[PDB]
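Right, one structure below, let's go through it.
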Amino acid sequence: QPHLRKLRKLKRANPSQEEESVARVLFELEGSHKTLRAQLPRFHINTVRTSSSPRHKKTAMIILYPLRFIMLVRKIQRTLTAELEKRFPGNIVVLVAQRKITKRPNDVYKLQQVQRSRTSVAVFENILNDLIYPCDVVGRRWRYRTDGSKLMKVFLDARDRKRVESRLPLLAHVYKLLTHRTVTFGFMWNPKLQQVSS
Amino acid sequence: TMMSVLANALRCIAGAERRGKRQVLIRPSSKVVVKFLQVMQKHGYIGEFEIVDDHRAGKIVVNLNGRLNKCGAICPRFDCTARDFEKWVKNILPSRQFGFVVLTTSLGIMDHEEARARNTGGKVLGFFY
RNA sequence: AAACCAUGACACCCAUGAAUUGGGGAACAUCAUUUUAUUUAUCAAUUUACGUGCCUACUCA
RNA sequence: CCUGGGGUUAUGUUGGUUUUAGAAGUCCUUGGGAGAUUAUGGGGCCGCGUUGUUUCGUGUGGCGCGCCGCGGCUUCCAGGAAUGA
RNA sequence: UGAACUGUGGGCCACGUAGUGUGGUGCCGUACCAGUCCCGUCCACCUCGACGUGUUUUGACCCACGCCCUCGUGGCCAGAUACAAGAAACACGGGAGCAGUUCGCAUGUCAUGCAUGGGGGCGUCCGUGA
Ligand SMILES: [K+]
Ligand SMILES: [K+]
Ligand SMILES: [Mg+2]
Ligand SMILES: [Mg+2]
Ligand SMILES: [Mg+2]
Ligand code: NA
């Protein structure tokens, strides 16, 4: 069927139900939508994952796609996620690019040759930007408590509070699921002067 | 120009505790600075501290509880054999009952009491008591 | 040379009130036309306020 | 990564002539799956006309998304992956 | 004598801790808010339908003790993903005291022939490193 062209070639023989359902929606969005009609026929996804918790009653749907289409997705986002959420009630849809990480070598000569996009620090901060994409990070803090615990807090602009606050508890869960690290969120009115909202 | 980030940071903390301040701002930060502060905090000498990100070398805000008498760096970083711990304790510490000398070893940055337990030498970084 | 601050150069921290020399911002002048919040507070979510003199019968907004 | 093409042994032993095949390189072609950066970038040959989710107190109230133009052909083209200032 | 950066992971129990938020459960007395009545116009009181404070569990930080993890994501359920020049890929009986470890009959008989009968580690060379 023509709708299978929206999946990676390896998954076309025996697709899963979630992958098949997403592929069907994308193909219908291809010929129906006006803005999405362009830039869609060059796109295909890798896999679809689903997560949930006893709290955060909504379900998280994570879609991974090849890194080449990151420029394509950036212009298309804020509309693809809106339409996908309409066709999947009860779920929150996230688009994340699949990236590779190079383990830190031990020799100084080998370390000097490592490509910096494949560094673990660079990869994790890019996955965070893939989440909450229409907003951007305006600040970041690390707190070291008296016990060995360490916390990382990420601040967002308070102007986007009405459009992103509902998804913050679920997006922290997805970030932990992908990177095995925890993040806390805050809002900053007047980020220039470092004023925290309350 | 500034030649040692660690020496600069330890001078700011010791100066603030002499004046009886509650908080101190340290700039710039580094990996060695954070590890040194984590050793002090584990033994209960400073308290909570926070790192601020600015896409350059960061900044640190430290809370002081008034228990720290003096801290300082040792320049240059002399080598210390595992049998030489008593010589350094006798020279730069108030007594043999309290206070720590901080070393950098192949197992990481640690105080001289832990290094003796693991039987490792290294290079002396500083002290606090 | 009393070639003197009789005080080597570079870098960090450092309490208070009046002044002063150059540059900039606010002001004057010229143009243009957050939720909240009945039952609150542990280190505040906005202390940003304010006028004068000279000035084409031009080294000048 | 794969399949279909082209153009030193071992013959009883030693010494000579001659080959069949490999392998290699070297040009075409089918199968498959990848890609850390979108085959849709340029012309011309030109012609035509110029109500569905989601918050918030069943419901209310907020919700965001949606509700020189077209056209077929052709040739050329790697020009976006780089810690930060 | 000389600035910063590539990075130190996560689950599952258990149980004495173990800080914090979020919600449960009852809640004498005190205090607060909202009602009712009442005095005063410059300074006062009564009686109720809730919020607090104080309990008691949950739950997330913390230390001690065990287990597990392809120990980010992805991909299988032997190959690829990473790592291994103490490695990979060829070969040597003059290579392992008989060619290592693991799933009486034959040859010879003019003989002291009195002889001989999957995968992984050994030794020795040759191509492969950025
Ligand atoms: K002189
Ligand atoms: K001057
Ligand atoms: Mg002199
Ligand atoms: Mg510069
Ligand atoms: Mg250095
Ligand atoms: Na003088």
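How things are named: the first chain in the structure tokens is A, the next is B, and so on; residues count from 1 in each chain; ligands count from 1 in the order shown.
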
Practice problem: Could you pull out the residues in stretch 44-124 of chain B that DSSP calls strand (DSSP E) from the backbone, as a PyMOL selection string? | Solution: chain B and resi 49-52+59-63+71-73+79-80+100-105+108-111+122-124

Practice problem: Grab me every residue within 9 Å of ligand 5, counting only C-alpha atoms (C1' of nucleotides) and all ligand atoms, and send it over as a VMD selection string. | Solution: (chain B and resid 3 to 5) or (chain E and resid 2 to 4)

Next, write the just-selected residues to a file, as a PDB file, in the first residue's frame, keeping N, CA and C atoms (P, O5', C5', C4', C3', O3' and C1' of nucleotides) as the atom set.
ATOM      1  N   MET B   3      46.512  32.900  36.477  1.00  0.00           N
ATOM      2  CA  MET B   3      47.206  31.670  36.140  1.00  0.00           C
ATOM      3  C   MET B   3      46.621  30.432  36.802  1.00  0.00           C
ATOM      4  N   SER B   4      45.793  30.585  37.831  1.00  0.00           N
ATOM      5  CA  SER B   4      45.254  29.432  38.546  1.00  0.00           C
ATOM      6  C   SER B   4      43.816  29.736  38.936  1.00  0.00           C
ATOM      7  N   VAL B   5      42.878  28.982  38.365  1.00  0.00           N
ATOM      8  CA  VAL B   5      41.470  29.142  38.713  1.00  0.00           C
ATOM      9  C   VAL B   5      41.203  28.617  40.117  1.00  0.00           C
TER      10      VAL B   5
ATOM     11  P     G E   2      52.017  27.053  34.988  1.00  0.00           P
ATOM     12  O5'   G E   2      50.814  28.030  34.641  1.00  0.00           O
ATOM     13  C5'   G E   2      49.958  27.761  33.551  1.00  0.00           C
ATOM     14  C4'   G E   2      49.418  29.026  32.945  1.00  0.00           C
ATOM     15  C3'   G E   2      48.440  28.823  31.806  1.00  0.00           C
ATOM     16  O3'   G E   2      47.136  28.563  32.281  1.00  0.00           O
ATOM     17  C1'   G E   2      50.050  30.429  31.177  1.00  0.00           C
ATOM     18  P     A E   3      46.117  27.675  31.428  1.00  0.00           P
ATOM     19  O5'   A E   3      44.780  28.523  31.489  1.00  0.00           O
ATOM     20  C5'   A E   3      44.484  29.326  32.621  1.00  0.00           C
ATOM     21  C4'   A E   3      43.065  29.816  32.565  1.00  0.00           C
ATOM     22  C3'   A E   3      42.038  28.766  32.189  1.00  0.00           C
ATOM     23  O3'   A E   3      41.646  27.958  33.280  1.00  0.00           O
ATOM     24  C1'   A E   3      41.717  30.658  30.845  1.00  0.00           C
ATOM     25  P     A E   4      41.478  26.375  33.092  1.00  0.00           P
ATOM     26  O5'   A E   4      40.036  26.228  32.439  1.00  0.00           O
ATOM     27  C5'   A E   4      38.907  26.788  33.084  1.00  0.00           C
ATOM     28  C4'   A E   4      37.683  26.795  32.205  1.00  0.00           C
ATOM     29  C3'   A E   4      37.256  25.473  31.603  1.00  0.00           C
ATOM     30  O3'   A E   4      36.633  24.604  32.529  1.00  0.00           O
ATOM     31  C1'   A E   4      37.065  27.176  29.985  1.00  0.00           C
TER      32        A E   4
END

Quiz item: Could you pull the residues within 12 Å of residue D:73, counting only C-alpha atoms (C1' of nucleotides), minus those fewer than 3 positions along the same chain, as a PyMOL selection string?
Solution: chain D and resi 44-46

Quiz item: So, counting only C-alpha atoms (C1' of nucleotides), which residue among B:89, B:7, B:2, B:51 is closest to chain C?
Solution: B:2

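A distance cut-off of 12 Å from ligand 3, applied to only C-alpha atoms (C1' of nucleotides) and all ligand atoms, picks out the residues residues 1, 2, 3, 4, 5, 6, 7 and 8 of chain C.
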
Near-ligand residues for ligand 2, threshold 12 Å, only C-alpha atoms (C1' of nucleotides) and all ligand atoms, as a PDB file with N, CA, C and O atoms (P, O5', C5', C4', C3', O3' and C1' of nucleotides), in the first residue's frame:
ATOM      1  P     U C  20      31.113  68.623  41.769  1.00  0.00           P
ATOM      2  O5'   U C  20      32.461  68.203  41.045  1.00  0.00           O
ATOM      3  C5'   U C  20      33.554  69.102  40.985  1.00  0.00           C
ATOM      4  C4'   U C  20      34.706  68.525  40.208  1.00  0.00           C
ATOM      5  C3'   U C  20      34.363  67.802  38.918  1.00  0.00           C
ATOM      6  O3'   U C  20      33.896  68.600  37.831  1.00  0.00           O
ATOM      7  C1'   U C  20      35.822  66.460  40.128  1.00  0.00           C
ATOM      8  P     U C  21      34.862  69.417  36.850  1.00  0.00           P
ATOM      9  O5'   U C  21      35.562  68.318  35.937  1.00  0.00           O
ATOM     10  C5'   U C  21      36.751  68.644  35.235  1.00  0.00           C
ATOM     11  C4'   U C  21      37.306  67.491  34.438  1.00  0.00           C
ATOM     12  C3'   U C  21      36.416  66.889  33.370  1.00  0.00           C
ATOM     13  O3'   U C  21      36.309  67.685  32.207  1.00  0.00           O
ATOM     14  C1'   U C  21      37.509  65.167  34.546  1.00  0.00           C
ATOM     15  P     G C  22      34.975  67.629  31.317  1.00  0.00           P
ATOM     16  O5'   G C  22      35.101  66.262  30.512  1.00  0.00           O
ATOM     17  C5'   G C  22      35.915  66.169  29.355  1.00  0.00           C
ATOM     18  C4'   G C  22      35.997  64.756  28.832  1.00  0.00           C
ATOM     19  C3'   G C  22      34.701  64.105  28.389  1.00  0.00           C
ATOM     20  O3'   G C  22      34.225  64.549  27.133  1.00  0.00           O
ATOM     21  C1'   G C  22      35.920  62.577  29.679  1.00  0.00           C
ATOM     22  P     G C  23      32.647  64.545  26.839  1.00  0.00           P
ATOM     23  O5'   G C  23      32.288  63.006  26.655  1.00  0.00           O
ATOM     24  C5'   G C  23      32.763  62.276  25.536  1.00  0.00           C
ATOM     25  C4'   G C  23      32.393  60.817  25.614  1.00  0.00           C
ATOM     26  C3'   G C  23      30.912  60.492  25.686  1.00  0.00           C
ATOM     27  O3'   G C  23      30.251  60.579  24.438  1.00  0.00           O
ATOM     28  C1'   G C  23      32.053  59.218  27.292  1.00  0.00           C
TER      29        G C  23
END

Quiz prompt | Residues within 12 Å of stretch 93-104 of chain E, only C-alpha atoms (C1' of nucleotides), excluding chain neighbours under 6 positions, as a VMD selection string | solution = chain E and resid 116 to 125

Export, as a PDB file, in the first residue's frame, the selected residues with N, CA, C and O atoms (P, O5', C5', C4', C3', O3' and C1' of nucleotides).
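As written to disk, part-v6.pdb reads:
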ATOM      1  P     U E 116      56.069 -47.028  17.126  1.00  0.00           P
ATOM      2  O5'   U E 116      54.986 -46.278  16.200  1.00  0.00           O
ATOM      3  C5'   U E 116      55.417 -45.680  14.954  1.00  0.00           C
ATOM      4  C4'   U E 116      54.290 -45.748  13.957  1.00  0.00           C
ATOM      5  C3'   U E 116      52.875 -45.810  14.541  1.00  0.00           C
ATOM      6  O3'   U E 116      52.397 -44.535  14.945  1.00  0.00           O
ATOM      7  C1'   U E 116      53.087 -47.354  12.762  1.00  0.00           C
ATOM      8  P     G E 117      51.245 -44.755  16.040  1.00  0.00           P
ATOM      9  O5'   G E 117      49.954 -45.132  15.166  1.00  0.00           O
ATOM     10  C5'   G E 117      49.329 -44.102  14.367  1.00  0.00           C
ATOM     11  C4'   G E 117      48.267 -44.736  13.505  1.00  0.00           C
ATOM     12  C3'   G E 117      46.983 -45.168  14.219  1.00  0.00           C
ATOM     13  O3'   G E 117      46.060 -44.095  14.359  1.00  0.00           O
ATOM     14  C1'   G E 117      47.767 -46.939  12.874  1.00  0.00           C
ATOM     15  P     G E 118      33.118 -31.529  13.917  1.00  0.00           P
ATOM     16  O5'   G E 118      33.355 -30.159  14.695  1.00  0.00           O
ATOM     17  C5'   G E 118      33.565 -28.943  13.992  1.00  0.00           C
ATOM     18  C4'   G E 118      32.397 -28.006  14.161  1.00  0.00           C
ATOM     19  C3'   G E 118      32.739 -26.550  14.447  1.00  0.00           C
ATOM     20  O3'   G E 118      33.047 -25.816  13.272  1.00  0.00           O
ATOM     21  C1'   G E 118      31.072 -27.289  15.955  1.00  0.00           C
ATOM     22  P     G E 119      33.259 -24.221  13.328  1.00  0.00           P
ATOM     23  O5'   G E 119      33.869 -23.957  14.776  1.00  0.00           O
ATOM     24  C5'   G E 119      33.707 -22.705  15.426  1.00  0.00           C
ATOM     25  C4'   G E 119      33.471 -22.891  16.903  1.00  0.00           C
ATOM     26  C3'   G E 119      34.470 -22.216  17.834  1.00  0.00           C
ATOM     27  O3'   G E 119      34.159 -20.838  18.042  1.00  0.00           O
ATOM     28  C1'   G E 119      34.158 -24.471  18.495  1.00  0.00           C
ATOM     29  P     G E 120      34.703 -19.966  19.294  1.00  0.00           P
ATOM     30  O5'   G E 120      36.264 -19.762  19.036  1.00  0.00           O
ATOM     31  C5'   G E 120      37.200 -20.814  19.217  1.00  0.00           C
ATOM     32  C4'   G E 120      37.524 -21.051  20.670  1.00  0.00           C
ATOM     33  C3'   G E 120      38.946 -20.702  21.086  1.00  0.00           C
ATOM     34  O3'   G E 120      39.082 -19.341  21.451  1.00  0.00           O
ATOM     35  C1'   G E 120      38.447 -22.901  21.777  1.00  0.00           C
ATOM     36  P     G E 121      40.527 -18.644  21.462  1.00  0.00           P
ATOM     37  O5'   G E 121      41.297 -19.386  22.641  1.00  0.00           O
ATOM     38  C5'   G E 121      42.714 -19.378  22.703  1.00  0.00           C
ATOM     39  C4'   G E 121      43.219 -20.194  23.865  1.00  0.00           C
ATOM     40  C3'   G E 121      44.726 -20.328  23.964  1.00  0.00           C
ATOM     41  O3'   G E 121      45.366 -19.199  24.534  1.00  0.00           O
ATOM     42  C1'   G E 121      43.749 -22.448  24.225  1.00  0.00           C
ATOM     43  P     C E 122      46.705 -18.611  23.866  1.00  0.00           P
ATOM     44  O5'   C E 122      47.770 -19.789  24.006  1.00  0.00           O
ATOM     45  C5'   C E 122      47.877 -20.796  23.010  1.00  0.00           C
ATOM     46  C4'   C E 122      48.906 -21.835  23.366  1.00  0.00           C
ATOM     47  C3'   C E 122      50.306 -21.539  22.863  1.00  0.00           C
ATOM     48  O3'   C E 122      51.020 -20.709  23.759  1.00  0.00           O
ATOM     49  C1'   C E 122      49.701 -23.755  22.282  1.00  0.00           C
ATOM     50  P     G E 123      51.917 -19.503  23.203  1.00  0.00           P
ATOM     51  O5'   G E 123      53.304 -20.200  22.865  1.00  0.00           O
ATOM     52  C5'   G E 123      54.183 -19.622  21.920  1.00  0.00           C
ATOM     53  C4'   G E 123      54.884 -20.673  21.102  1.00  0.00           C
ATOM     54  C3'   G E 123      55.464 -20.187  19.790  1.00  0.00           C
ATOM     55  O3'   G E 123      56.710 -19.541  19.965  1.00  0.00           O
ATOM     56  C1'   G E 123      54.306 -22.222  19.445  1.00  0.00           C
ATOM     57  P     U E 124      56.891 -18.011  19.524  1.00  0.00           P
ATOM     58  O5'   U E 124      57.310 -18.117  17.996  1.00  0.00           O
ATOM     59  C5'   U E 124      58.152 -19.169  17.553  1.00  0.00           C
ATOM     60  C4'   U E 124      58.104 -19.300  16.056  1.00  0.00           C
ATOM     61  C3'   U E 124      57.835 -18.015  15.304  1.00  0.00           C
ATOM     62  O3'   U E 124      58.991 -17.209  15.181  1.00  0.00           O
ATOM     63  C1'   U E 124      56.493 -19.746  14.421  1.00  0.00           C
ATOM     64  P     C E 125      58.859 -15.688  14.691  1.00  0.00           P
ATOM     65  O5'   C E 125      59.029 -15.796  13.116  1.00  0.00           O
ATOM     66  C5'   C E 125      58.460 -14.822  12.264  1.00  0.00           C
ATOM     67  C4'   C E 125      58.043 -15.415  10.947  1.00  0.00           C
ATOM     68  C3'   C E 125      57.260 -14.482  10.045  1.00  0.00           C
ATOM     69  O3'   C E 125      58.095 -13.599   9.323  1.00  0.00           O
ATOM     70  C1'   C E 125      56.162 -16.569  10.153  1.00  0.00           C
TER      71        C E 125
END

Exercise. Determine which residues of chain D sit within 12 Å of chain B, taking into account only C-alpha atoms (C1' of nucleotides), and present them as a ChimeraX atom specification.
Key: /D:83-85

Requested write-out: N, CA, C and O atoms (P, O5', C5', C4', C3', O3' and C1' of nucleotides) of the selected residues, as a PDB file, in the first residue's frame:
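Writing the result to selection_9.pdb gives the following:
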ATOM      1  P     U D  83      33.881  22.799  16.188  1.00  0.00           P
ATOM      2  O5'   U D  83      33.047  23.258  17.462  1.00  0.00           O
ATOM      3  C5'   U D  83      31.856  22.586  17.842  1.00  0.00           C
ATOM      4  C4'   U D  83      31.524  22.832  19.292  1.00  0.00           C
ATOM      5  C3'   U D  83      31.355  24.287  19.697  1.00  0.00           C
ATOM      6  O3'   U D  83      30.051  24.765  19.417  1.00  0.00           O
ATOM      7  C1'   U D  83      32.700  23.139  21.290  1.00  0.00           C
ATOM      8  P     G D  84      29.823  26.209  18.756  1.00  0.00           P
ATOM      9  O5'   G D  84      30.001  27.220  19.967  1.00  0.00           O
ATOM     10  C5'   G D  84      29.254  27.080  21.166  1.00  0.00           C
ATOM     11  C4'   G D  84      29.853  27.923  22.259  1.00  0.00           C
ATOM     12  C3'   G D  84      30.199  29.342  21.843  1.00  0.00           C
ATOM     13  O3'   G D  84      29.083  30.197  22.041  1.00  0.00           O
ATOM     14  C1'   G D  84      32.061  28.329  22.934  1.00  0.00           C
ATOM     15  P     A D  85      29.148  31.772  21.750  1.00  0.00           P
ATOM     16  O5'   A D  85      29.905  32.362  23.020  1.00  0.00           O
ATOM     17  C5'   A D  85      30.233  33.741  23.105  1.00  0.00           C
ATOM     18  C4'   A D  85      31.677  33.942  23.485  1.00  0.00           C
ATOM     19  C3'   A D  85      32.309  35.212  22.927  1.00  0.00           C
ATOM     20  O3'   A D  85      33.333  35.656  23.814  1.00  0.00           O
ATOM     21  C1'   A D  85      33.472  33.348  22.109  1.00  0.00           C
TER      22        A D  85
END

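Note that atom CA of residue A:147 and atom CA of residue B:48 are 8.9 Å apart.
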
Self-check item: Separation of atom CA of residue A:116 from atom CA of residue B:26 in Å
Solution: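 Straight-line distance from atom CA of residue B:26 to atom CA of residue A:116 works out to 28.2 Å.
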
Practice problem: Specify as a list in words all residues of chain A found within 12 Å of chain C, counting only C-alpha atoms (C1' of nucleotides). | Solution: residues 158, 159, 160, 161, 162, 187, 188, 189, 190, 193, 195, 196, 197 and 198 of chain A

Practice problem: Excluding residue E:23 and any residue of its chain fewer than 6 positions from it, enumerate the residues within 12 Å of it, using only C-alpha atoms (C1' of nucleotides), and give them as a list in words. | Solution: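 Near residue E:23, the qualifying residues are residues 55 of chain A; 57, 58 and 59 of chain E.
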
Exercise. Using only C-alpha atoms, determine which residues of chain B fall within 7 Å of chain A; present them as an MDAnalysis selection string.
Key: chainID B and resid 41 47:53
